[PDB]
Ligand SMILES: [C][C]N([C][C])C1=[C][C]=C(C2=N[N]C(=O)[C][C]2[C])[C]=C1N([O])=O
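Take a look at this one chain, the form deposited without the named molecule, written out in structure tokens.
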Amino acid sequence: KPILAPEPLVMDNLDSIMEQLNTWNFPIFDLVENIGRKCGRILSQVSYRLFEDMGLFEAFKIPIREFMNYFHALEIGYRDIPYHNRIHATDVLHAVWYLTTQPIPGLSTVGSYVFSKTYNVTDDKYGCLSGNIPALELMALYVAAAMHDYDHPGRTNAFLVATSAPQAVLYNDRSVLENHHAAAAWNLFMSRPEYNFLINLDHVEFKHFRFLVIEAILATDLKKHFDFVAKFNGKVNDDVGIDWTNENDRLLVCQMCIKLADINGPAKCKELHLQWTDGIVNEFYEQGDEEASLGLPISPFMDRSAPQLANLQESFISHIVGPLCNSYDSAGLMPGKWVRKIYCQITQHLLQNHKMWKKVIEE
């Protein structure tokens, strides 16, 4: 009855690709091909490596069997849809891990904290978020990333609301998908003792952990995007700036992190970004087909007979991703390298991809 983790828990044939997790442009589609498309193991295998990298299994005395059981059940419940699938979830988890573990130039760091085995810079002039965000909160962020699109139907909130879908009625039209992802992932977790990887958290810790997970998942609703960005910019630019000893400031940083991780695509290398773009529109077209079937007008960018890739991505960058990156970068939280100047791979890719789409539009 329970979905259990397969075979030997850890797949041994993935070592050369898994070693490359510590790069921003992780070749996730190579990992997909290496594991097999619809093998249904990518999320659990990556989650294991990242938790091991951070020493989170030891930190919270996490039983590995139950961890693998849960993450396998979770990944199986991501649908076989073109974008909001277990590969995207894995991508978002990798991105939050990267953003929280990799060197950030000029960040001061503060036991209750974990650090990546990949963290090699001995220079005072770098820090990382995992030096400032307690391990319990970091683990909540990582678990949130893994569960944040669970059981996505391949339709937007707007479609669910407009069609009075049962889920939209159930959630009173408020963050319909994001509520469902959190609630269905938590229901799954609670359903079986074979999934209880959090058994060694005390009651207070567990309740706090759950709260943090929910807050992070719910922050992925883009209806709230401008409010988060405005609030963060406010905190950065007030009298003291970000206060790492303040739990509310730390939550806001975690929310900005999962937000950036969710929409990381246009800040990846061209090859990755173009592959993800294909997934996004292919999912949209299935929605467009259903809209037509229901006699509704086809939503912008969702008409397979009239594709608008460049307009979609150019406007997504200009309106959503660009301002979020600028805000996060202004706070001094982007990974980068001293060269002193700073070289920031992430913002460089975003600029390059924005230029690319603009040029497509021009032609």
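Numbers for residues come from their place in the sequence shown, where the first is 1.
A second form of this protein, the form deposited with the named molecule bound, is not displayed here; the remarks below concern that form.
Chemist: Going by heavy atom distances of 4.5 angstroms or less, which of 179, 109, 156, 118 would be at the interface with the named molecule in the entry with it bound?
Modeler: If I apply the 4.5 Å criterion carefully, the residue I get is 156.
Chemist: Counting non-hydrogen atoms within 4.5 angstroms of the named molecule in the entry with it bound, say which of 285, 276, 228, 171 makes the cut.
Modeler: Partner contact (heavy atom, 4.5 Å) among the options: 276.
Chemist: In the entry with it bound, does each of 146, 186 and 213 have a heavy atom within 4.5 Å of the named molecule?
Modeler: No: none of 146, 186 and 213 comes within 4.5 Å of the named molecule in the entry with it bound.
Chemist: Is residue 105 one of the residues lying within 4.5 Å of the named molecule in the entry with it bound, judged by heavy atom distances?
Modeler: Looking in the entry with it bound, residue contacts with the named molecule do not include residue 105, since no heavy atom lies within 4.5 Å.
Chemist: Quick one: does residue 312 come within 4.5 Å of the named molecule in the entry with it bound, counting heavy atoms only?
Modeler: Within the cut-off, so yes.
Chemist: Would residue 72 show up as a contact with the named molecule in the entry with it bound if we use heavy atoms at 4.5 Å?
Modeler: Heavy-atom contact with the named molecule at 4.5 Å: absent for residue 72.
Chemist: Residue 244 versus the named molecule, in the entry with it bound: is there a non-hydrogen atom within 4.5 Å?
Modeler: Because no heavy atom of residue 244 falls inside 4.5 Å of the named molecule in the entry with it bound, the answer is no.
Chemist: In the entry with it bound, which of 162-170, 257-265, 198-206, 229-237 comes within 4.5 Å of the named molecule (heavy atoms)?
Modeler: This holds for exactly one stretch, 257-265.
Chemist: Using a 4.5 Å cut-off on heavy atoms, which residues of 87-108 contact the named molecule in the entry with it bound?
Modeler: Read in sequence order, no residue approaches the named molecule (within 4.5 Å, in the entry with it bound).
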